[PDB]
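Data first, discussion second: the structure below is written as C-alpha cells.
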Amino acid sequence: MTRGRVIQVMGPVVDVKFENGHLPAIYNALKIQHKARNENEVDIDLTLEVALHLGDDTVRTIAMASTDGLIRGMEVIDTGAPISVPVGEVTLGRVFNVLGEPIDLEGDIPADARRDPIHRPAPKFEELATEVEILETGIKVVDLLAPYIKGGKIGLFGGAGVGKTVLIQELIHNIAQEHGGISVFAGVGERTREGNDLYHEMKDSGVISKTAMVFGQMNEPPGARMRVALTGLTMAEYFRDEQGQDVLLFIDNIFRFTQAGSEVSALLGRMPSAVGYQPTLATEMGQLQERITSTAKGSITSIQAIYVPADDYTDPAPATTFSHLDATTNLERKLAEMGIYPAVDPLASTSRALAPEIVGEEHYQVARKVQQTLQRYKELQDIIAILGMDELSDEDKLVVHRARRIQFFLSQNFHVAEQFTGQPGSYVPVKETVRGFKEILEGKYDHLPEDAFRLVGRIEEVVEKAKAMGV
Amino acid sequence: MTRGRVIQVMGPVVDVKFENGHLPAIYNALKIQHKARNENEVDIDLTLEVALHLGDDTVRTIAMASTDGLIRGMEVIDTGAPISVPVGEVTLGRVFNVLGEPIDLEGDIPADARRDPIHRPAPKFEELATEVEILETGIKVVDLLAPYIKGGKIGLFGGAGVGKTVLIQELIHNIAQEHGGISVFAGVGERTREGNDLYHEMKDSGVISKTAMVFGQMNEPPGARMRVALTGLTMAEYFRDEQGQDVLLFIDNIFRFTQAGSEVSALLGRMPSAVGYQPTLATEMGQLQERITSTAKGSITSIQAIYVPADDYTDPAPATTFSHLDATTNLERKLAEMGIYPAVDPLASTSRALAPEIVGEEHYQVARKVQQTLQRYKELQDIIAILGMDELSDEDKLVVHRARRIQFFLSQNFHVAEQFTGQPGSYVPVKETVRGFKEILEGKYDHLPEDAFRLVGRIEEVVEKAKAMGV
Amino acid sequence: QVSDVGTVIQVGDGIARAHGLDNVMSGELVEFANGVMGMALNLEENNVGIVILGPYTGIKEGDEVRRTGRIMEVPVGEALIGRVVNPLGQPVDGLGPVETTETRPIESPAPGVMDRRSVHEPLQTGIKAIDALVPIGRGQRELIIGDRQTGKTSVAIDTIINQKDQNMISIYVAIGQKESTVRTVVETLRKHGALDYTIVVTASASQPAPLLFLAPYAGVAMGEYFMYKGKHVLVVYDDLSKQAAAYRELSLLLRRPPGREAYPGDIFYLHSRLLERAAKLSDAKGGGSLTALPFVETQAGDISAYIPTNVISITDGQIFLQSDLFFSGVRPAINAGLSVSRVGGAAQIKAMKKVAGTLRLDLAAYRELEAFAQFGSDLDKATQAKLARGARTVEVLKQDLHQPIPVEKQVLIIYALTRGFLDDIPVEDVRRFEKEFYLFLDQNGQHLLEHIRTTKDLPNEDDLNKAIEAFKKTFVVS
Ligand SMILES: Nc1ncnc2c1ncn2[C@@H]1O[C@H](COP(=O)(O)OP(=O)(O)OP(=O)(O)O)[C@@H](O)[C@H]1O
Ligand SMILES: Nc1ncnc2c1ncn2[C@@H]1O[C@H](COP(=O)(O)OP(=O)(O)OP(=O)(O)O)[C@@H](O)[C@H]1O
Ligand SMILES: Nc1ncnc2c1ncn2[C@@H]1O[C@H](COP(=O)(O)OP(=O)(O)O)[C@@H](O)[C@H]1O
Ligand SMILES: [Mg+2]
Ligand SMILES: [Mg+2]
Ligand SMILES: [Mg+2]
C-alpha cells in the first residue's frame, strides 16, 4: 500500500512512516487531505516535501503551510514527483504562490497544462555564454563606477531601511518597460503591502502582459519561503530554454531563502555551524545560484536584493553570496543618514565591466580618479576630526574640497522618489555623467556651494540650482 | 597471550578492543602489522598510542601515521611499554623520526641497543641543583643585555621571517665551536625544506657527529607532531643522567607543539578552552618543560623558538611559555628591515642573569647605561617628528649621536650569514663586548660615521672600516 | 559472481550511512546500486559513513551497496594539457575523450627530506613588486592572502601567462568558483595562449562537497606526474578557504566533534598534507620542481582567523593584498611591509640582488616617515629627500593589468630609479618615463639587455650611465 502515517509533528517538520520498500525519494511531494471526523478536529489540506530518510521506513518532511491541527496517525498520500509548477504562455500576467496555484482571483488553470518540476540539475560548463556588454540604467553611480552587465548576475547588498527596494523599483521603471523579452518577479520573504503596490503599479503601467509574479512572503512558513524562489526560477528557465527570449529575473531578498533554511536546519538533526547557520549553507546556495545563468539558447539577467543582518557584511550568508555575482552594489546606512541617496558605497561596489576595453579609456580613467580622491578623503577624516581642517596642506585642502562635491554629486533624484518629495526624477546618460565628473575633477566648479549638487541629474542642473539660490 | 581488535576508525583516531583483564596501560605503544591477504587489501605497518580507557574492554588510541587502509577487525600487538627510542653514542650523527627509526638512509639501529621510555616523571625537588653560571655565546646583544644561563631555558619570540631559525643555527655553530659538548636538535613541526637545508648545513660545517636530530615534519599526524619533542628530550636526558655530561636542547618551534596538542584534544572530543585551545595546555607544557633541569650528574639547557601570531603576546601558547623561561629575546620585523641583524629588540629582551652579583659590577653598569640611552633616544624621536632636531638641547643631541652608534654596534655578522651576503662571520668575547660598549659611551668614537658600525664584530674592525672609507 | 555488499540505513544532505561491508578499508571507493560512487570516511562499529560523489537523489533506504577494493585515482599524462577537467578527471569543455594511460593515487607520500635539494632558481612572475621585494623560487610555496576583489586571481593569471618562455607547466585549480567565472578565465588564458601549457581543474559551487574537498589533491597529483619526470610545474589553488568550508560541511554532517569555529580537528592535518608535497627534487631524482600558490580570503582583513593562521604557518612566505592600497591607485596592492619570503635571495638573479637591497631601505624610510606627515612638514633636507625618493619608488612599483615585464627591463628600471636618475623628474610623469625608457631600451640599448640576459649580471656602470644619460637628454617632460 502506497500510503503513510504521521508519526511526529515538531513545528514545521513532520515525520511519516511508510510500508517497507515503498518510501518516497527525496524532494517528492506528499499530500494530506483530511475532513473532520468529529467536532474536536479541523479540516486539513496541506502539502509536504521529503527531505531525509531516517531509516526504519521513516521519512522526515517539511511543511509548506501551517501545521495546526495535525494528529498522529493521519494518512499521507504520495504523489511520486516533486512540486510541479505550471509553465508556458499561461503564466504571463498571473500571480502564483509557492505551489503554482494562481492567487490573483482570476480563475483557475486547466489541469492538463504543461508543468515542470522545481528541481533540476544546473547547466554545464560547455553551454555558458561569456560575452560582457554594458546595460545602462540612468543612475549616475551605477553607470560610472560599477556598470551593470547584460546577461549577468547583479546583487544589491544593504541593511534595513537603506533604499534597497526603491532602487529595484527604479531599475524596473527604467529597464522593464523597454526589454521586449519577459520579466519574472519572485518575492521571497517580503512585505505583502509591497507586493500589492508593485502589482498595481505594473498593472497601471501595462507591462503586466509580459510578466509573471510568484509571491511567497514574510507571513508564510519556512517551506514556502524556501521554495518560492525555485518556483519562479523554473518559469524563468522555461522561457530561457524553450523559446530563447531575453528574461529579466527580479528577486527580492534572496537572503530569506538561507534564513528559512537556517530556521528548519535545527529540527532536521544537523549540527550547527559557525554562527548558528546550517552546515549545508554553501552547497544549498550554490545549487540555487548556479541555475541563474545565461546559455547559448537564451540569456537571463537577474537582480537580487540581499539583506545584510545587523549590518555585518562579514556574516556567512552575505560573505558566501559575493562569489556568485558579476556586479555588486553595497548600500550604507552611514551614507543614508547623511541625506545622500541612493546611498551607494563608492568604494565597496565593484563590477567586472569596469575595464578600459569595455567602458573606454576616458570613462575608466575618470572612474579610477574619482575612487582615488574618495579614498584620500576617507583617509584624512580622522585627523580632520581630531585637529580640524586647519592643518591640512594645500594639496589636502583641494582634495577635500573636490571630494565633498563629488560625493554630493553622486546623489540623484529618482522617479520613484517623487512619492516622498516634490522633485520629479531624472535619467542621465553615461556620456553626460562622464563629462560631468570629468569637469568636476577638472576644477571648473570650484566656487559653487556644496549643497547645490544634491539630488540633481546633469551637471547643468547644478549650475541652475546655484543660480536659483545665491549666485 | 592477548591481541587487540580494531573496532572503529575515525580518521587519525582508532579504537581497539582487548580481552578482559589484559588491557594495555595508558601511553603504551600498539603495533599494527598486516601483510595484504588479497588484491582488495593493502599492507599496513603502523603504530598507535593509548589515550583513554573507554570501558567495556575498549581503548581509545591516537595514530602516529596515516590510517588509510585499516579494516575493522585487524590484529593489534601490545608492546607493554610506552614508545621507546634508542639512546647512547649510537644516536650521534643520525636523523630520526618520532619513533626512533632513522631516516638518514645510513642504516638501521641494531636490535640489541638500549632503548628508553618516552614518558617518565620529572626529577624530584630533592635532586635539583641551583647554581648560576653564564653561558657565553659570542653574540653582542645576547652577552650584553640578555645573558644566557647554563642549565636554564631561553625563549626566542617573533613573527614570520624575522630570523629565529638562522639565530638558532648560529647558536649551534658558535657553541659547538667554543665548548665542544653534546647537543640535540628537535624539529617539532619541521618544514621539509628547512630540515633539508639544516641537515646539509650540518654536513658542511662538521658540527654533526656531535649532535642528534629528530624531525617531526608537518605532513605527519598530530600525535607524532606532539611526541617528537619528548623523543628529543629523552635522547638528551640519556646524555645528562647516564654519562654525566652537559647537553643543549634546540627546539624548532613550541607554537606547533601547542597546536598539535589542541588538535589532538579536539580529535579526542574534549571541550575547547579559551580561544579553542586544549584544556590541558598548562599541564602538557609543564610536563615538557619540567624535565629540562640541571641536577648533580649534569645540566640540560634548552633554546626554544616561539612564533607569535599577528604580534599578539596574549595568545595562550606564548602566554603559557612565558612562565618557564629564564631569559627572553624579542626579534623585530622593524629592526630586520633596517638591515640590522639579528634584529633583537634591545629593550624588550630581558634576563634574570643581568644582576650585579652574577655577571659583574662593570658589566651591569654598562648594560644599564646602554639601556637608558636607547630608551631616551626612543622617546626623543617622536618629539623630533613634530619639532625639528635643530630645536633640541645640546645634551640630548649628544644622546642621539651616541645612540646611533650603540644601536648600529649591537648588530653583528654571522657564520651562517655567508650564504646570504658573502661576508664571513665573527665571534666576540664578553669582555670585548663590555669594553667596546664602555667606549663609544665614553665618547671615544664620536667622529666616526654611523655606517662604519654596522655588522662589524670587535670594535677594532669599526676603525678598520673607517680607515678603508678614508674617514 | 559476488562481492562484499552492504545496505543503506540513512540518506540525507549528501551523506549515506550503510550497514554491513565488513571488510571495507578506510577511504575505499564504494559504489551504490544507482551507479554513483562513494567514499568511506567513517568506520564505526555497526555502520559505515559514506560520502557521496554524485547526485544523491537516486539513493533510497534499502538499496544495496557494493565494495570495489580500490583507492581513488586520477588520469595523468601529456594529453590533459590544454583541457579543462573534473576533479575525477572527466572533461567538461566538451572537446571529446581524453586518451591517457597512467593513473596516480590521490593520496601519496611527499618527497622525503633526503630527496630534496635547496631552492636556488627563480620563478619569474613579471610583477615588479613581487620579483623585487618578495621573490619566489621553484619548489617554493607562497601564500597570497587578501580581502575580496584585491587582485588575487589577476596575480595568478599574470604569473601563468609570463611562463610562456620557461619550460614550465601550469595548473590552475578552481575551487568553489562559479562556472561562468571559470569559463571567463579559460577564455582569458586562451587569448594570450597559456592553454598550450596549462591544465585547468574545476570544481564549481553546484557540485557535491566531496569534489570541492578533493580537487586540490587531483591537481597536485597531475602536477607530481610531471614533476617526477624532470619537468617543472606551477600549481595554483584558488580558495583553500572554500575547500575548508566544504570539509567542515562534511565533518559536521558526519557528526564528528567540532573544534574552534566549528572546524574539524584535522583541518590543519589536511592542509599540511596538501602543501608539503611541493618540492625541489635533487638531481639524483631528476631535478624537477613543483611550486604551489595557495589563496586564502580574509573577512575585512582579519588575518587571525583559524584557516588564515593555519595556512600562514605552513607556507614559506606570504603576499598581502589590501583594499586601502588598491583603491588609492597603488595596484598591484602588495603591502611590501607585511609581505615576507624566506627563500628570497637564492631565488633572485645577481643583477636583481644588487638593486633590491637598496630598494628595500628606500621603501622602509618612506614608510616610517609617512606616519608623521600630519604634524611635521619641511622638517629637514633629509626627510625631504627621503619623501621624494619614496614617492618615486612607489610610482615605479606600479603596473597595469595583463602586461608582464621581463627581468632585464625590471632590473634596468629599478637600477635607474635607485641610482637617482629619476630625482629630477616630476612624480606625476614616472609612468610615462618608464614606458619611453622601455621603448628606448628596445630600440638602442640591445647590447645591455643581451648582456643581462646572458650573464645574469649588470652591465658595466659606465655604459649603463651613458645609456641612461642619452635617454634623459631626449626625454621630454610635461
Ligand atoms: N532614492 C531615494 N530617495 C529618497 N528617499 C529614499 C531613496 N532611497 C531610499 N529612500 C528612503 O529610504 C526608505 C527605504 O525604503 P526601501 O523599502 O527601499 O528600503 P529597504 O532597504 O528595502 O528596507 P527594508 O529592509 O525595510 O525592506 C524609503 O522608504 C525612503 O524613505
Ligand atoms: N593591476 C591591476 N590593474 C587594474 N585592474 C586590476 C589590477 N589587478 C586587478 N584588477 C581588477 O580588479 C578587479 C578584481 O580583481 P581580481 O578579480 O583579480 O581579484 P580577486 O581577489 O581574485 O577577486 P574575487 O574575490 O572576486 O575572485 C578586476 O576587475 C580586475 O580586472
Ligand atoms: N644575519 C643575517 N644576515 C642576513 N640575512 C638574514 C640574517 N638572519 C636572517 N636573515 C634573513 O632571514 C631569512 C630566514 O629567516 P628565518 O630565520 O627563517 O626567520 P624565521 O625562522 O623567524 O621565519 C633569510 O632568507 C635571510 O635573508
Ligand atoms: Mg526592502
Ligand atoms: Mg623558522
Ligand atoms: Mg578572483
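Numbering starts fresh at 1 for the residues of each chain in the C-alpha cells, the chains themselves are lettered A, B, ... in the order given, and ligands are numbered from 1 as they appear.
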Worksheet item: Hey, which residues come within 10 Å of ligand 1 if we count only C-alpha atoms and all ligand atoms? Could you give them as a VMD selection string?
Response: chain A and resid 156 to 170 189 to 191 194 252 to 253 305 to 309 331 to 333 336 to 337 339 to 344 411 to 421 423 425 455
Worksheet entry | Those of segment 306-420 of chain C in DSSP helix (DSSP H, G or I), formatted as a VMD selection string | chain C and resid 306 to 314 323 to 327 350 to 372 381 to 396 407 to 418
Discussion item. To test your reading of the structure, identify every residue in segment 34-218 of chain B that backbone DSSP assigns to strand (DSSP E or B), and report it as a ChimeraX atom specification.
Written reply: /B:34,44-55,58-63,71,75-78,84-86,95-96,102,115-117,128,134-135,148-149,153-158,182-190,211-217
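Counting only C-alpha atoms, residue 364 of chain C has the following residues at most 10 Å away, ignoring those fewer than 2 positions along the same chain: residues 334, 337 and 338 of chain B; 336, 337, 358, 359, 360, 361, 362, 366, 367, 368, 369, 370, 386 and 390 of chain C.
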Emit the selected residues as a compact mmCIF listing (two decimals), in the first residue's frame, including C-alpha atoms.
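This went into selection_36.txt:
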```txt
# COMPACT_ATOMS: atom_id res chain seq x y z
CA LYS B 334 61.22 46.67 12.07
CA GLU B 337 64.11 45.78 7.63
CA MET B 338 66.66 48.44 8.59
CA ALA C 336 55.63 45.37 0.84
CA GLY C 337 55.96 45.82 4.61
CA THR C 358 68.72 49.40 -1.71
CA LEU C 359 65.10 49.33 -2.87
CA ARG C 360 64.03 47.80 0.46
CA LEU C 361 65.68 50.55 2.51
CA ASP C 362 64.31 53.27 0.24
CA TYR C 366 59.35 56.46 3.39
CA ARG C 367 57.03 54.05 5.20
CA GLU C 368 58.48 55.19 8.53
CA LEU C 369 58.20 58.90 7.73
CA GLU C 370 54.67 58.67 6.32
CA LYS C 386 63.52 60.59 1.75
CA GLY C 390 59.92 57.06 -1.60
```
Fill in: Residues near residue 254 of chain C, cut-off 9 Å, only C-alpha atoms, skip fewer than 6 positions along chain, as number ranges by chain
C: 15, 41-42, 49-51
Output N, CA and C atoms of each residue in that selection to a file, as a PDB file, in the first residue's frame.
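The resulting file, result-v4.pdb, is reproduced below:
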```
ATOM      1  N   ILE C  15      25.076  12.591   2.502  1.00  0.00           N
ATOM      2  CA  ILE C  15      25.707  11.592   3.352  1.00  0.00           C
ATOM      3  C   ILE C  15      24.823  10.357   3.376  1.00  0.00           C
ATOM      4  N   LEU C  41      34.424   7.296   4.842  1.00  0.00           N
ATOM      5  CA  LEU C  41      35.221   8.113   5.748  1.00  0.00           C
ATOM      6  C   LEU C  41      35.071   7.728   7.210  1.00  0.00           C
ATOM      7  N   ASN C  42      33.942   7.154   7.606  1.00  0.00           N
ATOM      8  CA  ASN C  42      33.711   6.739   8.983  1.00  0.00           C
ATOM      9  C   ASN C  42      33.567   5.227   9.027  1.00  0.00           C
ATOM     10  N   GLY C  49      30.054   5.294   7.493  1.00  0.00           N
ATOM     11  CA  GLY C  49      29.659   6.585   6.967  1.00  0.00           C
ATOM     12  C   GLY C  49      30.266   6.861   5.608  1.00  0.00           C
ATOM     13  N   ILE C  50      29.423   7.059   4.599  1.00  0.00           N
ATOM     14  CA  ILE C  50      29.849   7.151   3.208  1.00  0.00           C
ATOM     15  C   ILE C  50      29.554   8.548   2.687  1.00  0.00           C
ATOM     16  N   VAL C  51      30.545   9.158   2.058  1.00  0.00           N
ATOM     17  CA  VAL C  51      30.383  10.435   1.376  1.00  0.00           C
ATOM     18  C   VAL C  51      30.119  10.165  -0.096  1.00  0.00           C
TER      19      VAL C  51
END
```
Item to complete: Grab me every residue within 7 Å of ligand 2, counting only C-alpha atoms and all ligand atoms, and send it over as a PyMOL selection string.
Response: (chain A and resi 323+351-352+354-355) or (chain C and resi 146-155+331-332+399-401)
Got time to write the residues from that selection, N, CA and C atoms, as a short mmCIF file (atom, residue, chain, number, x, y, z; two decimals), in the first residue's frame?
```cif
data_model
loop_
_atom_site.label_atom_id
_atom_site.label_comp_id
_atom_site.auth_asym_id
_atom_site.auth_seq_id
_atom_site.Cartn_x
_atom_site.Cartn_y
_atom_site.Cartn_z
N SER A 323 30.67 35.65 -4.13
CA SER A 323 31.34 34.96 -5.22
C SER A 323 30.39 34.59 -6.35
N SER A 351 32.50 45.90 -10.21
CA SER A 351 31.86 45.34 -11.40
C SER A 351 32.94 44.79 -12.32
N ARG A 352 32.61 43.69 -13.00
CA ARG A 352 33.56 43.09 -13.93
C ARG A 352 33.62 43.83 -15.26
N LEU A 354 34.13 47.13 -15.53
CA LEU A 354 34.99 48.31 -15.41
C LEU A 354 36.39 47.95 -15.90
N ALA A 355 36.56 47.99 -17.22
CA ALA A 355 37.84 47.75 -17.84
C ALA A 355 37.98 48.74 -18.98
N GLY C 146 44.24 38.00 1.01
CA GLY C 146 43.66 39.32 0.98
C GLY C 146 42.15 39.24 1.02
N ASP C 147 41.54 40.41 1.12
CA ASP C 147 40.09 40.50 1.07
C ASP C 147 39.61 40.30 -0.36
N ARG C 148 38.29 40.27 -0.53
CA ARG C 148 37.72 40.07 -1.85
C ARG C 148 38.02 41.26 -2.75
N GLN C 149 38.14 40.98 -4.05
CA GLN C 149 38.37 41.99 -5.08
C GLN C 149 39.65 42.79 -4.86
N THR C 150 40.72 42.14 -4.42
CA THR C 150 42.00 42.82 -4.27
C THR C 150 42.99 42.51 -5.38
N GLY C 151 42.68 41.57 -6.27
CA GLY C 151 43.57 41.23 -7.37
C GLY C 151 44.23 39.87 -7.29
N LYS C 152 43.77 38.99 -6.39
CA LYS C 152 44.43 37.71 -6.18
C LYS C 152 44.39 36.86 -7.45
N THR C 153 43.23 36.77 -8.09
CA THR C 153 43.13 35.99 -9.32
C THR C 153 43.99 36.60 -10.42
N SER C 154 44.05 37.93 -10.47
CA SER C 154 44.81 38.60 -11.52
C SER C 154 46.30 38.32 -11.39
N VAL C 155 46.81 38.28 -10.16
CA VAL C 155 48.22 37.94 -9.95
C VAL C 155 48.53 36.55 -10.48
N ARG C 331 48.18 49.76 -7.41
CA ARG C 331 47.88 48.40 -7.82
C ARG C 331 48.98 47.90 -8.76
N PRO C 332 49.47 46.67 -8.55
CA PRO C 332 49.05 45.67 -7.58
C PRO C 332 49.26 46.12 -6.13
N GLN C 399 52.05 48.87 -12.03
CA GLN C 399 51.89 48.44 -13.41
C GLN C 399 50.48 47.94 -13.63
N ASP C 400 50.06 47.95 -14.89
CA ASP C 400 48.69 47.69 -15.26
C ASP C 400 48.43 46.20 -15.43
N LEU C 401 47.23 45.89 -15.91
CA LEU C 401 46.75 44.51 -15.92
C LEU C 401 47.19 43.79 -17.19
#
```
Worksheet item: Contacts of residue 92 of chain A at 9 Å or less, counting only C-alpha atoms, minus same-chain residues fewer than 5 places along, as a PyMOL selection string?
Response: chain A and resi 182+184+208-213
